[PDB]
4 protein chains.
Amino acid sequence: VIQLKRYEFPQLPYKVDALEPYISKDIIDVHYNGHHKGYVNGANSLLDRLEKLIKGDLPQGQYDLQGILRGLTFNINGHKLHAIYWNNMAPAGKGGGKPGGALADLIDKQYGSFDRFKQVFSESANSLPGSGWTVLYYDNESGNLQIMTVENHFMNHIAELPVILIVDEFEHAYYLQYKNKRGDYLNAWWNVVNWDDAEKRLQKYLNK
Amino acid sequence: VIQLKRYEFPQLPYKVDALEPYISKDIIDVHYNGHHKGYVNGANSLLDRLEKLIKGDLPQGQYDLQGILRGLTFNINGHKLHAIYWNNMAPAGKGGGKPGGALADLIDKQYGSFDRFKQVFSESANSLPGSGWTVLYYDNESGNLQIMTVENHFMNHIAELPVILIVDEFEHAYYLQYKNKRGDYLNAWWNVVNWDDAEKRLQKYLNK
Amino acid sequence: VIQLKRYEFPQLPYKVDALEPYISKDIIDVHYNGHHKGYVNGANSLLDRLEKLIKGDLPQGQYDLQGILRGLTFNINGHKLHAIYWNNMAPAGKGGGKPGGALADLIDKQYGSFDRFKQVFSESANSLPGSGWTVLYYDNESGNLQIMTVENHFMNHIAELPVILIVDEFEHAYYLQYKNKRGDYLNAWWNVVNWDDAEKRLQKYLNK
Amino acid sequence: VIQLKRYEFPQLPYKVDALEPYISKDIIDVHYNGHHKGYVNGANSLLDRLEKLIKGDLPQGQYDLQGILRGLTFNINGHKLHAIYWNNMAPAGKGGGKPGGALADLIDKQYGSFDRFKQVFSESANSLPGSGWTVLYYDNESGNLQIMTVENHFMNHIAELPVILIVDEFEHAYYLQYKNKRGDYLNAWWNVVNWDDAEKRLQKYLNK
Ligand SMILES: [Fe+3]
Ligand SMILES: [Fe+3]
Ligand SMILES: [Fe+3]
Ligand SMILES: [Fe+3]
């Protein structure tokens, strides 16, 4: 009777030091156990309030709806985006390299080559004003692999499009190790990208 | 060799006066032939520039990337959201009423009844500060039908989630007929909602 | 004992039909008596809640602070910006023309001439994505007359800078008369600009 | 002939280790020499482009206006806000304590006491979703000392209002020392607040 489901904190796909030396375990530890866990808790605590509101246990005058709704995009996106992020990376050996399969083929057709794509993606990522993410969506309508800079966790998303590749650009994602050198972090990140994961996500929407 | 696909302007699913008296033909005409068409043109014109940039025809110093990327979320979302909007409505007789199928079942389980859902959805829609949309997403992860107010065409979306129900709240969607009476417009809109379309969208992601 | 002041609804500097034929009285009437009045009421109603919160009459758990704070930037800016807007315009005869005094001098030095300034200001105003305003600030630090497109009523402002010139670009500011032809409205607006008001605002910060 | 002025990088009002132990010199060093300097450089580089555009040296098709304008609010605000921030703090001994003068009087009248104000200001600061600032404006219109959470450097400002008190909440402002413990940083910050500077800013707008 009147009930919403809550989110679960996912498990890290590897050990906290599996991405070294590109991303120190010091960062992964707090990034995962601190920030990500916090987004799940924040989202669940706001879902409790929304649930009470829907039931009538929280009467008008005892809440400010915009505070609950905006708090949910922030926290829900924070959780979902980090969940993709962890899986979109892989330990030094398994991760990195060049893409393959349909993904490699689309990148060639739309960017000319993986090198140009890397150049354009990096340029876009460096253009992001402040904290956010840079994502690569697959547009089933046009068939384009669309690059986009996302501000915070919830601004600039293209509705319904699946994420193929993603980089976290919040300062907590690299500060302990790279400080204000975001460009250095971005160059390092390329070495731990999990192209298998990326190709798997693409295959899920190809010709569907 | 290096080429991105462009977007196509879709056809209206009915005559421009098919939603009367809830939404006058004067609004539908310019909303569709004016605004929507403009988003498709704007998106395509920006894709041309991005394509040139990728090819190298547009050299560094002859563009401002953030202007191109942010212009794209604005226009692409403007197009995609309007495309759903037209299909999410139906002529007086065909549209309106109460939902059915899996959608009606989920609404009862999470909101208690269609009447409460209507109340909560309307309350959320009326809380939107300024121009934007109010959407109902289906979260495959939690199984929740999440309500959200989207600012402009690109702020507050929850990444990757499909749109099940949607209402345009930009002033151009009702001003000619309702003026500043946004609440009156929202009450009228319920009479043209296409629940068949909504149920179809949900069925696409159920148990998948 | 613990009390915040509320905002007062200002009087229109002229009759609702004083800006015709550039801006119809139909627009001014609802724009002033409808929208502006609504921002003052919205801001005051939120100030009541914040006041109760500060006093302790509204206990934790009966409010969502972000909903109150963000609601205040929206409404307070909505009120303040419209208040400047009304005074920044003048009836056909009194308004329009070319600026004079220190303002005309600065525009010449920074834009080459009033014609170029008009061209650049119009180009910026037309580039605004969605609803908002285009403003001309006077930067006391650098001495520059900075143009800026403001999204909604509260995004993109440059902290502490005074507004010298301003155009409302929310759809309700021109829709009844120009429909989706925002560019036509912008061209018309130039005919009712109150340069005396603009020069007065500038003089207030020159050499101070 | 057609020329805009550029911004100058200000000097730190004290040594980079003058705020210890509340804010380590490691943070101040890169925060000042890295981040702040970068905002000044970013702003000036964009002003160069805008200047060229105005002169005609940068022809249409070789720039994306929104990229230039939005890049300017980001950078100009980043610079101006940091400039206030440095002056709004003072070495352990000189800074901290309780406010005095007109400021202390207004806080008592509107918040009941400095302790409540501190509680409310801290509650607001901790509610900020993501990176940004929490500011205290003085509204000459109403006479209220308005608290506000600013997202990034440019979202949520109330037009034209002067900043009286301010706290940087971008992760780079405390991560090296406090990691994700933003609340701990906010508690420490109260010990270095420069109330003399704050009172001076207020006196500038009182009865004027
Ligand atoms: Fe992160
Ligand atoms: Fe629309
Ligand atoms: Fe307006
Ligand atoms: Fe900072």
# chains A, B, ... in the order shown; residues from 1 in each chain; ligands from 1
>>> residues_near_ligand(ligand="ligand 1", cutoff="9 Å", atoms="only C-alpha atoms and all ligand atoms", output="ChimeraX atom specification")
/A:31-32,35-36,78,81-82,85,132-133,168-173
>>> write_last_selection(atoms="N, CA, C and O atoms", output="compact mmCIF listing (two decimals), in the first residue's frame")
# COMPACT_ATOMS: atom_id res chain seq x y z
N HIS A 31 36.11 8.40 -2.59
CA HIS A 31 35.23 8.68 -3.72
C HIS A 31 34.07 7.67 -3.72
O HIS A 31 32.92 8.02 -3.97
N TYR A 32 34.40 6.42 -3.41
CA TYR A 32 33.42 5.35 -3.37
C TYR A 32 32.70 5.25 -2.02
O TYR A 32 31.47 5.37 -1.95
N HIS A 35 31.69 9.74 -1.13
CA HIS A 35 30.76 10.41 -2.03
C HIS A 35 29.64 9.54 -2.59
O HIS A 35 28.47 9.88 -2.42
N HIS A 36 29.97 8.44 -3.25
CA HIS A 36 28.92 7.59 -3.81
C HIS A 36 27.91 7.12 -2.77
O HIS A 36 26.70 7.21 -2.98
N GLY A 78 23.73 11.54 -9.10
CA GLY A 78 25.02 11.32 -8.47
C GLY A 78 25.31 9.83 -8.33
O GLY A 78 26.41 9.37 -8.62
N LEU A 81 25.36 7.96 -12.08
CA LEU A 81 26.54 8.31 -12.85
C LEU A 81 27.82 7.68 -12.30
O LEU A 81 28.71 7.30 -13.06
N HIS A 82 27.93 7.58 -10.97
CA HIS A 82 29.11 6.97 -10.38
C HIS A 82 29.09 5.46 -10.62
O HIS A 82 30.13 4.84 -10.79
N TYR A 85 30.43 5.03 -13.98
CA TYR A 85 31.84 5.40 -13.90
C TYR A 85 32.74 4.24 -13.44
O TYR A 85 33.73 3.93 -14.11
N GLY A 132 31.65 18.65 -12.92
CA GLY A 132 30.69 17.97 -13.76
C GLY A 132 31.27 16.71 -14.36
O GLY A 132 32.20 16.12 -13.82
N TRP A 133 30.72 16.31 -15.50
CA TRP A 133 31.17 15.12 -16.20
C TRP A 133 31.17 15.40 -17.70
O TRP A 133 30.54 16.35 -18.15
N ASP A 168 34.39 11.47 -14.74
CA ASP A 168 33.97 12.30 -13.62
C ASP A 168 34.95 13.47 -13.54
O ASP A 168 36.16 13.25 -13.50
N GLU A 169 34.43 14.69 -13.53
CA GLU A 169 35.30 15.86 -13.47
C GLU A 169 35.06 16.73 -12.25
O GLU A 169 35.43 17.91 -12.23
N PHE A 170 34.44 16.15 -11.22
CA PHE A 170 34.23 16.86 -9.97
C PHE A 170 35.64 16.89 -9.41
O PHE A 170 36.41 15.96 -9.64
N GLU A 171 35.99 17.95 -8.69
CA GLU A 171 37.35 18.05 -8.15
C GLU A 171 37.75 16.86 -7.26
O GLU A 171 38.90 16.45 -7.26
N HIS A 172 36.80 16.30 -6.52
CA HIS A 172 37.12 15.17 -5.65
C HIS A 172 37.58 13.94 -6.43
O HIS A 172 38.12 13.01 -5.85
N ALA A 173 37.38 13.95 -7.74
CA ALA A 173 37.79 12.81 -8.55
C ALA A 173 39.29 12.76 -8.84
O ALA A 173 39.81 11.72 -9.25
>>> residues_around(residues="segment 53-57 of chain B", least_positions_apart="6", cutoff="8 Å", atoms="only C-alpha atoms", output="VMD selection string")
(chain A and resid 111 to 112 116 120) or (chain B and resid 2)
>>> write_last_selection(atoms="N, CA and C atoms", output="short mmCIF file (atom, residue, chain, number, x, y, z; two decimals), in the first residue's frame")
data_model
loop_
_atom_site.label_atom_id
_atom_site.label_comp_id
_atom_site.auth_asym_id
_atom_site.auth_seq_id
_atom_site.Cartn_x
_atom_site.Cartn_y
_atom_site.Cartn_z
N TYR A 111 34.35 10.38 -36.55
CA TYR A 111 35.48 11.21 -36.13
C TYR A 111 36.71 11.02 -37.01
N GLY A 112 36.64 10.08 -37.94
CA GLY A 112 37.77 9.83 -38.82
C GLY A 112 38.73 8.80 -38.26
N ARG A 116 41.55 11.30 -33.44
CA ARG A 116 40.81 12.56 -33.55
C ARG A 116 39.74 12.58 -32.48
N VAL A 120 39.12 15.44 -29.75
CA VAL A 120 37.88 16.19 -29.60
C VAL A 120 37.23 15.95 -28.24
N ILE B 2 34.02 10.88 -42.38
CA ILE B 2 33.68 11.88 -41.38
C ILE B 2 32.35 12.56 -41.69
#
>>> interface_residues(of="chain B", to="chain C", cutoff="9 Å", atoms="only C-alpha atoms", output="ChimeraX atom specification")
/B:30-31,34-35,71,74-75,129-131,152-153,170-172,175-176,179-180
>>> residues_around(residues="residue 68 of chain B", least_positions_apart="5", cutoff="9 Å", atoms="only C-alpha atoms", output="PyMOL selection string")
(chain B and resi 46-47+49-50+63) or (chain D and resi 64+66-67)
>>> write_last_selection(atoms="N, CA, C and O atoms", output="PDB file, in the first residue's frame")
ATOM      1  N   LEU B  46      24.013  23.519 -35.889  1.00  0.00           N
ATOM      2  CA  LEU B  46      25.118  23.396 -34.949  1.00  0.00           C
ATOM      3  C   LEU B  46      25.892  22.118 -35.231  1.00  0.00           C
ATOM      4  O   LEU B  46      27.089  22.043 -34.960  1.00  0.00           O
ATOM      5  N   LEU B  47      25.207  21.114 -35.773  1.00  0.00           N
ATOM      6  CA  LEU B  47      25.853  19.851 -36.113  1.00  0.00           C
ATOM      7  C   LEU B  47      26.793  20.084 -37.301  1.00  0.00           C
ATOM      8  O   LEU B  47      27.839  19.444 -37.418  1.00  0.00           O
ATOM      9  N   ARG B  49      28.509  22.807 -37.870  1.00  0.00           N
ATOM     10  CA  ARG B  49      29.710  23.405 -37.299  1.00  0.00           C
ATOM     11  C   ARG B  49      30.564  22.367 -36.578  1.00  0.00           C
ATOM     12  O   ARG B  49      31.784  22.347 -36.733  1.00  0.00           O
ATOM     13  N   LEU B  50      29.924  21.508 -35.791  1.00  0.00           N
ATOM     14  CA  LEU B  50      30.657  20.478 -35.065  1.00  0.00           C
ATOM     15  C   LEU B  50      31.360  19.546 -36.052  1.00  0.00           C
ATOM     16  O   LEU B  50      32.498  19.127 -35.834  1.00  0.00           O
ATOM     17  N   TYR B  63      35.951  29.175 -33.323  1.00  0.00           N
ATOM     18  CA  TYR B  63      34.779  28.626 -32.658  1.00  0.00           C
ATOM     19  C   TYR B  63      34.964  28.648 -31.147  1.00  0.00           C
ATOM     20  O   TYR B  63      36.078  28.791 -30.657  1.00  0.00           O
TER      21      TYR B  63
ATOM     22  N   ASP D  64      31.320  31.520 -31.386  1.00  0.00           N
ATOM     23  CA  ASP D  64      30.014  31.087 -30.905  1.00  0.00           C
ATOM     24  C   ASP D  64      29.760  31.929 -29.659  1.00  0.00           C
ATOM     25  O   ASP D  64      30.181  31.582 -28.555  1.00  0.00           O
ATOM     26  N   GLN D  66      27.539  32.529 -27.358  1.00  0.00           N
ATOM     27  CA  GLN D  66      27.159  31.976 -26.060  1.00  0.00           C
ATOM     28  C   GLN D  66      28.367  31.387 -25.338  1.00  0.00           C
ATOM     29  O   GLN D  66      28.430  31.399 -24.112  1.00  0.00           O
ATOM     30  N   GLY D  67      29.320  30.868 -26.103  1.00  0.00           N
ATOM     31  CA  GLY D  67      30.511  30.301 -25.500  1.00  0.00           C
ATOM     32  C   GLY D  67      31.352  31.390 -24.860  1.00  0.00           C
ATOM     33  O   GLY D  67      31.964  31.187 -23.809  1.00  0.00           O
TER      34      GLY D  67
END
>>> atom_distance(atom1="atom CA of residue 24 of chain C", atom2="atom CA of residue 193 of chain C")
15.3 Å
